[PDB]
Amino acid sequence: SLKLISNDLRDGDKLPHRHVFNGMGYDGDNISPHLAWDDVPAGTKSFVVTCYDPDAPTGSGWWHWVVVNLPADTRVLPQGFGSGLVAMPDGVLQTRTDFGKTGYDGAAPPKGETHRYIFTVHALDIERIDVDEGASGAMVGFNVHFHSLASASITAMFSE
C-alpha cells in the first residue's frame, strides 16, 4: 500500500524546529519538510499533499499547506518545496491555507497546547482537480474525498 516517509520527520515524533513557524511568537525556520512516497495504487493520475492540525481551536482545525495536481510520476517533495526554494513543476499548484496565502507555514500552537501536525499524501484517480490558487483546504478536501485511491500520513507532535 501507499507509504509516506520523510528524511526530516518520523511518525509520532516531535516536529523539528526547522519546520516550526517563524512568527506568532515562535522562531522556527518555517521550511516545509522533505516527503517521499512509494507503492502507488494502479490508476493513480495525480497526488495532493497537505499539512493539517486537527487540534487548532477554531471549530475546523487549521490547514497549514496544500499542494495539488502533482503529476502521476511524483514520488518526492524536496525540503522547502512549499517555502519558495524551488520553482513549481508545470501544472502543480499550491492552494490557499488558513494563513490566507499559499505555500507552507509551520506549527505555532497556543500557549500550553500540544497539537498534531498531520502530513498526508493522497493518490487520486484524476489528472487535475479543477481549482485555482484561491481554493480553500476544505474545497481541495472535497475533491480529494471523491477521487482518492489511497492515502498515507506522518503525524508530528508540537507543543508550547
# chains A, B, ... in the order shown; residues from 1 in each chain; ligands from 1
>>> residues_around(residues="range 78-80 of chain A", least_positions_apart="2", cutoff="9 Å", atoms="only C-alpha atoms", output="short mmCIF file (atom, residue, chain, number, x, y, z; two decimals) with N, CA, C and O atoms, in the first residue's frame")
data_model
loop_
_atom_site.label_atom_id
_atom_site.label_comp_id
_atom_site.auth_asym_id
_atom_site.auth_seq_id
_atom_site.Cartn_x
_atom_site.Cartn_y
_atom_site.Cartn_z
N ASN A 7 12.77 12.35 5.29
CA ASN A 7 14.15 12.40 5.77
C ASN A 7 14.19 13.31 7.01
O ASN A 7 15.16 13.30 7.79
N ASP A 8 13.14 14.11 7.19
CA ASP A 8 13.12 15.08 8.29
C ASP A 8 12.30 14.71 9.50
O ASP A 8 12.53 15.29 10.58
N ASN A 30 10.58 27.56 9.54
CA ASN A 30 9.42 27.63 8.65
C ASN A 30 9.68 26.99 7.29
O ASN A 30 9.18 27.52 6.29
N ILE A 31 10.44 25.91 7.28
CA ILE A 31 10.72 25.24 5.98
C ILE A 31 9.88 23.98 5.85
O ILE A 31 9.80 23.20 6.79
N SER A 32 9.23 23.75 4.68
CA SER A 32 8.43 22.52 4.55
C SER A 32 9.34 21.30 4.61
O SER A 32 10.44 21.30 4.05
N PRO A 33 8.93 20.21 5.26
CA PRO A 33 9.77 19.03 5.35
C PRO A 33 9.82 18.19 4.06
O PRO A 33 8.84 18.18 3.30
N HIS A 34 10.95 17.54 3.86
CA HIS A 34 11.03 16.55 2.75
C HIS A 34 9.96 15.47 2.99
O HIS A 34 9.61 15.09 4.12
N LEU A 35 9.33 15.00 1.91
CA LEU A 35 8.34 13.93 1.95
C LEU A 35 8.60 13.00 0.75
O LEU A 35 8.98 13.51 -0.31
N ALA A 36 8.39 11.70 0.94
CA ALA A 36 8.65 10.80 -0.20
C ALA A 36 7.65 9.64 -0.09
O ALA A 36 7.28 9.27 1.02
N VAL A 76 8.33 12.42 -4.66
CA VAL A 76 9.07 13.16 -3.60
C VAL A 76 8.76 14.64 -3.69
O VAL A 76 8.37 15.16 -4.73
N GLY A 82 7.53 23.87 -0.34
CA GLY A 82 6.45 24.82 -0.07
C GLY A 82 6.96 26.10 0.58
O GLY A 82 6.15 26.92 1.03
N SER A 83 8.25 26.37 0.43
CA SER A 83 8.85 27.55 1.07
C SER A 83 9.60 28.44 0.12
O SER A 83 10.41 29.29 0.51
N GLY A 84 9.35 28.26 -1.18
CA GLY A 84 9.97 29.07 -2.20
C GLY A 84 11.40 28.69 -2.55
O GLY A 84 12.07 29.51 -3.21
N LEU A 85 11.88 27.52 -2.20
CA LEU A 85 13.25 27.14 -2.53
C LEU A 85 13.31 26.72 -4.00
O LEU A 85 14.29 27.02 -4.68
N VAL A 86 12.22 26.13 -4.48
CA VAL A 86 12.15 25.65 -5.86
C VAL A 86 11.00 26.20 -6.68
O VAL A 86 9.92 26.56 -6.21
N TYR A 104 3.70 26.57 2.38
CA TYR A 104 3.79 26.03 3.72
C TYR A 104 4.07 27.05 4.81
O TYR A 104 4.89 27.95 4.61
#
>>> closest_residue(among="A:6, A:95, A:74, A:46", to="residue 123 in chain A", atoms="only C-alpha atoms")
A:46
>>> closest_residue(among="A:45, A:122, A:145, A:64", to="residue 97 in chain A", atoms="only C-alpha atoms")
A:64
>>> residues_around(residues="residue 38 in chain A", least_positions_apart="6", cutoff="9 Å", atoms="only C-alpha atoms", output="PyMOL selection string")
chain A and resi 1-5+75
>>> write_last_selection(atoms="C-alpha atoms", output="JSON list (two decimals), in the first residue's frame")
[["chain", "number", "residue", "atom", "x", "y", "z"],
["A", 1, "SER", "CA", 0.00, 0.00, 0.00],
["A", 2, "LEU", "CA", 1.00, 3.64, -0.42],
["A", 3, "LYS", "CA", 3.72, 4.52, 2.08],
["A", 4, "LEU", "CA", 4.85, 8.01, 3.10],
["A", 5, "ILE", "CA", 8.30, 8.60, 4.66],
["A", 75, "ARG", "CA", 7.46, 10.34, -5.61]]
>>> select_by_dssp(residues="chain A", states="strand (DSSP E)", output="number ranges by chain")
A: 3-5, 35-38, 46-53, 62-71, 76-77, 93-94, 114-124, 148-159
>>> write_last_selection(atoms="N, CA and C atoms", output="compact mmCIF listing (two decimals), in the first residue's frame")
# COMPACT_ATOMS: atom_id res chain seq x y z
N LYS A 3 2.96 4.26 0.87
CA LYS A 3 3.72 4.52 2.08
C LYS A 3 4.33 5.93 1.99
N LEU A 4 4.25 6.67 3.07
CA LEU A 4 4.85 8.01 3.10
C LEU A 4 6.00 8.01 4.11
N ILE A 5 7.16 8.53 3.74
CA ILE A 5 8.30 8.60 4.66
C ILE A 5 8.87 10.02 4.56
N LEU A 35 9.33 15.00 1.91
CA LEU A 35 8.34 13.93 1.95
C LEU A 35 8.60 13.00 0.75
N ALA A 36 8.39 11.70 0.94
CA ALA A 36 8.65 10.80 -0.20
C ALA A 36 7.65 9.64 -0.09
N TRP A 37 7.23 9.11 -1.24
CA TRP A 37 6.25 8.03 -1.16
C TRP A 37 6.55 6.94 -2.19
N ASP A 38 5.92 5.80 -1.90
CA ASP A 38 6.15 4.62 -2.75
C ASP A 38 4.92 3.72 -2.76
N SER A 46 -2.73 11.59 -10.23
CA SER A 46 -2.12 12.79 -9.64
C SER A 46 -2.06 12.59 -8.11
N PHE A 47 -1.38 13.53 -7.42
CA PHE A 47 -1.35 13.46 -5.97
C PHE A 47 -1.65 14.87 -5.37
N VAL A 48 -2.16 14.80 -4.16
CA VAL A 48 -2.41 16.01 -3.32
C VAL A 48 -1.64 15.76 -2.02
N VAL A 49 -0.91 16.76 -1.54
CA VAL A 49 -0.16 16.65 -0.28
C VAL A 49 -0.65 17.78 0.63
N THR A 50 -0.92 17.49 1.90
CA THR A 50 -1.38 18.55 2.80
C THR A 50 -0.72 18.39 4.19
N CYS A 51 -0.81 19.50 4.93
CA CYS A 51 -0.37 19.52 6.33
C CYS A 51 -1.59 20.10 7.07
N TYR A 52 -2.12 19.36 8.04
CA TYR A 52 -3.31 19.83 8.77
C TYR A 52 -3.14 19.62 10.28
N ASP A 53 -3.66 20.56 11.05
CA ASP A 53 -3.63 20.47 12.53
C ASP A 53 -5.09 20.36 12.97
N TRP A 62 -6.88 23.53 11.29
CA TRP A 62 -6.12 24.53 10.54
C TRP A 62 -5.31 23.89 9.42
N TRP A 63 -5.53 24.36 8.20
CA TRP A 63 -4.74 23.84 7.06
C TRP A 63 -3.45 24.66 7.01
N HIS A 64 -2.30 24.03 7.07
CA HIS A 64 -1.02 24.69 7.03
C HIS A 64 -0.37 24.67 5.64
N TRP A 65 -0.77 23.74 4.79
CA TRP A 65 -0.09 23.63 3.47
C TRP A 65 -0.96 22.75 2.58
N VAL A 66 -1.15 23.16 1.32
CA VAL A 66 -1.98 22.31 0.43
C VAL A 66 -1.33 22.35 -0.97
N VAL A 67 -0.93 21.21 -1.50
CA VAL A 67 -0.29 21.12 -2.82
C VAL A 67 -1.14 20.21 -3.69
N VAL A 68 -1.54 20.66 -4.89
CA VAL A 68 -2.41 19.82 -5.70
C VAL A 68 -1.84 19.68 -7.12
N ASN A 69 -2.39 18.67 -7.80
CA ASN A 69 -2.02 18.43 -9.21
C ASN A 69 -0.58 18.03 -9.41
N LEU A 70 0.01 17.35 -8.40
CA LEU A 70 1.37 16.82 -8.60
C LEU A 70 1.19 15.69 -9.64
N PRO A 71 2.03 15.63 -10.65
CA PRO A 71 1.85 14.61 -11.70
C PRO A 71 1.96 13.20 -11.19
N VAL A 76 8.33 12.42 -4.66
CA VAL A 76 9.07 13.16 -3.60
C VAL A 76 8.76 14.64 -3.69
N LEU A 77 8.94 15.33 -2.55
CA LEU A 77 8.82 16.77 -2.46
C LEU A 77 10.11 17.13 -1.65
N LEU A 93 0.09 23.16 -8.30
CA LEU A 93 -0.46 24.37 -7.72
C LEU A 93 -0.44 24.31 -6.18
N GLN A 94 0.03 25.38 -5.54
CA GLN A 94 -0.09 25.39 -4.06
C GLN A 94 -1.33 26.25 -3.81
N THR A 114 -0.49 21.18 22.98
CA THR A 114 0.23 20.19 22.20
C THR A 114 -0.71 19.73 21.08
N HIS A 115 -0.29 19.96 19.84
CA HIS A 115 -1.15 19.63 18.71
C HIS A 115 -0.50 18.61 17.79
N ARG A 116 -1.32 17.95 16.98
CA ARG A 116 -0.87 17.02 15.97
C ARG A 116 -0.73 17.78 14.63
N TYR A 117 0.33 17.58 13.93
CA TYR A 117 0.60 18.17 12.61
C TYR A 117 0.70 16.98 11.67
N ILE A 118 -0.38 16.77 10.91
CA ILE A 118 -0.50 15.60 10.06
C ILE A 118 -0.17 15.92 8.60
N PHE A 119 0.84 15.24 8.10
CA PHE A 119 1.28 15.39 6.71
C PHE A 119 0.68 14.21 5.95
N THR A 120 -0.08 14.49 4.89
CA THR A 120 -0.71 13.37 4.18
C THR A 120 -0.48 13.46 2.67
N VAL A 121 -0.33 12.29 2.05
CA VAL A 121 -0.24 12.25 0.59
C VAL A 121 -1.46 11.43 0.13
N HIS A 122 -2.16 11.94 -0.88
CA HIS A 122 -3.33 11.25 -1.44
C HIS A 122 -3.09 10.95 -2.92
N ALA A 123 -3.26 9.68 -3.35
CA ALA A 123 -3.13 9.31 -4.75
C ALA A 123 -4.55 9.41 -5.36
N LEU A 124 -4.75 10.27 -6.34
CA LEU A 124 -6.07 10.47 -6.91
C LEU A 124 -6.22 9.74 -8.26
N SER A 148 -9.94 10.00 -4.23
CA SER A 148 -8.80 9.31 -3.61
C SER A 148 -8.77 7.80 -3.80
N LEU A 149 -7.63 7.28 -4.26
CA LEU A 149 -7.45 5.84 -4.36
C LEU A 149 -6.79 5.30 -3.10
N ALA A 150 -5.95 6.11 -2.46
CA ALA A 150 -5.27 5.70 -1.24
C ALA A 150 -4.63 6.96 -0.60
N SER A 151 -4.28 6.82 0.65
CA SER A 151 -3.60 7.95 1.33
C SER A 151 -2.62 7.39 2.32
N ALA A 152 -1.63 8.18 2.73
CA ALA A 152 -0.65 7.72 3.73
C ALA A 152 -0.26 8.99 4.51
N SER A 153 0.02 8.85 5.81
CA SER A 153 0.36 10.08 6.52
C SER A 153 1.42 9.86 7.58
N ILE A 154 2.01 10.97 7.99
CA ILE A 154 3.01 11.05 9.06
C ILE A 154 2.48 12.15 9.99
N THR A 155 2.44 11.86 11.29
CA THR A 155 1.94 12.85 12.25
C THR A 155 3.09 13.27 13.17
N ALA A 156 3.32 14.56 13.30
CA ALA A 156 4.37 15.06 14.18
C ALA A 156 3.68 15.83 15.32
N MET A 157 4.21 15.75 16.53
CA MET A 157 3.60 16.47 17.64
C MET A 157 4.38 17.76 17.92
N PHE A 158 3.68 18.80 18.36
CA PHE A 158 4.41 20.03 18.70
C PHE A 158 3.67 20.79 19.79
N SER A 159 4.43 21.25 20.79
CA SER A 159 3.74 22.00 21.85
C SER A 159 4.48 23.26 22.26
>>> atom_distance(atom1="CA of residue 133 in chain A", atom2="CA of residue 96 in chain A")
6.0 Å
>>> select_by_dssp(residues="chain A", states="alpha helix (DSSP H)", output="list in words")
residues 137, 138, 139, 140, 141, 142, 143, 144, 145, 146 and 147 of chain A
>>> closest_residue(among="A:160, A:102, A:147, A:81", to="residue 128 in chain A", atoms="only C-alpha atoms")
A:147
>>> residues_around(residues="residue 130 in chain A", least_positions_apart="4", cutoff="12 Å", atoms="only C-alpha atoms", output="list in words")
residues 68, 69, 91, 92, 93, 95, 126, 134, 135, 139, 140, 142, 143 and 144 of chain A
>>> write_last_selection(atoms="N, CA and C atoms", output="tab-separated table (two decimals), in the first residue's frame")
chain	number	residue	atom	x	y	z
A	68	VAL	N	-1.54	20.66	-4.89
A	68	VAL	CA	-2.41	19.82	-5.70
A	68	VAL	C	-1.84	19.68	-7.12
A	69	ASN	N	-2.39	18.67	-7.80
A	69	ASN	CA	-2.02	18.43	-9.21
A	69	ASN	C	-0.58	18.03	-9.41
A	91	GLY	N	2.06	22.68	-14.03
A	91	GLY	CA	0.75	22.20	-13.64
A	91	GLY	C	0.52	22.03	-12.14
A	92	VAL	N	1.57	22.09	-11.36
A	92	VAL	CA	1.44	21.92	-9.89
A	92	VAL	C	0.94	23.24	-9.32
A	93	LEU	N	0.09	23.16	-8.30
A	93	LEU	CA	-0.46	24.37	-7.72
A	93	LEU	C	-0.44	24.31	-6.18
A	95	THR	N	-2.31	25.71	-3.12
A	95	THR	CA	-3.58	26.42	-2.91
A	95	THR	C	-3.65	27.12	-1.56
A	126	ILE	N	-7.74	11.12	-10.88
A	126	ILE	CA	-7.90	12.14	-11.88
A	126	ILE	C	-6.61	12.93	-12.04
A	134	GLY	N	-6.85	30.13	-5.16
A	134	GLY	CA	-7.68	30.67	-4.06
A	134	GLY	C	-8.52	29.59	-3.40
A	135	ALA	N	-8.49	28.34	-3.87
A	135	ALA	CA	-9.29	27.29	-3.28
A	135	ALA	C	-8.85	27.02	-1.82
A	139	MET	N	-12.18	22.97	0.21
A	139	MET	CA	-12.57	22.81	-1.20
A	139	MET	C	-11.65	21.76	-1.85
A	140	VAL	N	-10.36	21.84	-1.55
A	140	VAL	CA	-9.46	20.78	-2.10
A	140	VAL	C	-9.88	19.45	-1.49
A	142	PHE	N	-12.74	18.36	-0.44
A	142	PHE	CA	-13.98	17.81	-1.05
A	142	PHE	C	-13.60	17.08	-2.34
A	143	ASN	N	-12.70	17.63	-3.14
A	143	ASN	CA	-12.26	16.98	-4.39
A	143	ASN	C	-11.51	15.71	-4.10
A	144	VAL	N	-10.61	15.76	-3.10
A	144	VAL	CA	-9.86	14.59	-2.70
A	144	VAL	C	-10.80	13.48	-2.26
>>> atom_distance(atom1="CA of residue 42 in chain A", atom2="CA of residue 127 in chain A")
13.3 Å
>>> closest_residue(among="A:12, A:40, A:107, A:89", to="residue 125 in chain A", atoms="only C-alpha atoms")
A:40
>>> closest_residue(among="A:19, A:129, A:141, A:73", to="residue 39 in chain A", atoms="only C-alpha atoms")
A:73
>>> decode(residues="range 34-68 of chain A", atoms="C-alpha atoms", output="mmCIF file, in the first residue's frame")
data_model
loop_
_atom_site.group_PDB
_atom_site.id
_atom_site.type_symbol
_atom_site.label_atom_id
_atom_site.label_comp_id
_atom_site.auth_asym_id
_atom_site.auth_seq_id
_atom_site.Cartn_x
_atom_site.Cartn_y
_atom_site.Cartn_z
ATOM 1 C CA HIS A 34 11.027 16.547 2.747
ATOM 2 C CA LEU A 35 8.343 13.930 1.946
ATOM 3 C CA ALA A 36 8.649 10.797 -0.203
ATOM 4 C CA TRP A 37 6.249 8.031 -1.158
ATOM 5 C CA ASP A 38 6.154 4.619 -2.750
ATOM 6 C CA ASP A 39 3.834 1.778 -3.810
ATOM 7 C CA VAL A 40 1.208 3.854 -5.580
ATOM 8 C CA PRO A 41 -2.119 2.270 -6.450
ATOM 9 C CA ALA A 42 -2.930 1.400 -10.022
ATOM 10 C CA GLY A 43 -4.909 4.120 -11.780
ATOM 11 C CA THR A 44 -3.199 6.957 -9.926
ATOM 12 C CA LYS A 45 -3.268 10.094 -12.087
ATOM 13 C CA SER A 46 -2.115 12.788 -9.637
ATOM 14 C CA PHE A 47 -1.350 13.458 -5.969
ATOM 15 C CA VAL A 48 -2.410 16.006 -3.323
ATOM 16 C CA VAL A 49 -0.163 16.646 -0.277
ATOM 17 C CA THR A 50 -1.380 18.546 2.801
ATOM 18 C CA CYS A 51 -0.372 19.520 6.327
ATOM 19 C CA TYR A 52 -3.307 19.827 8.774
ATOM 20 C CA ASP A 53 -3.634 20.467 12.527
ATOM 21 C CA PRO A 54 -6.927 18.960 13.734
ATOM 22 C CA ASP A 55 -6.331 20.389 17.206
ATOM 23 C CA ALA A 56 -6.239 24.149 16.398
ATOM 24 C CA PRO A 57 -9.079 25.712 18.443
ATOM 25 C CA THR A 58 -11.026 27.200 15.577
ATOM 26 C CA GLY A 59 -14.018 24.932 15.031
ATOM 27 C CA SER A 60 -12.413 23.464 11.857
ATOM 28 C CA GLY A 61 -8.746 22.760 12.683
ATOM 29 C CA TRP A 62 -6.121 24.533 10.543
ATOM 30 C CA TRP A 63 -4.743 23.835 7.056
ATOM 31 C CA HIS A 64 -1.021 24.693 7.030
ATOM 32 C CA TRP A 65 -0.093 23.629 3.470
ATOM 33 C CA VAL A 66 -1.981 22.312 0.428
ATOM 34 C CA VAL A 67 -0.286 21.122 -2.821
ATOM 35 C CA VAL A 68 -2.409 19.816 -5.697
#
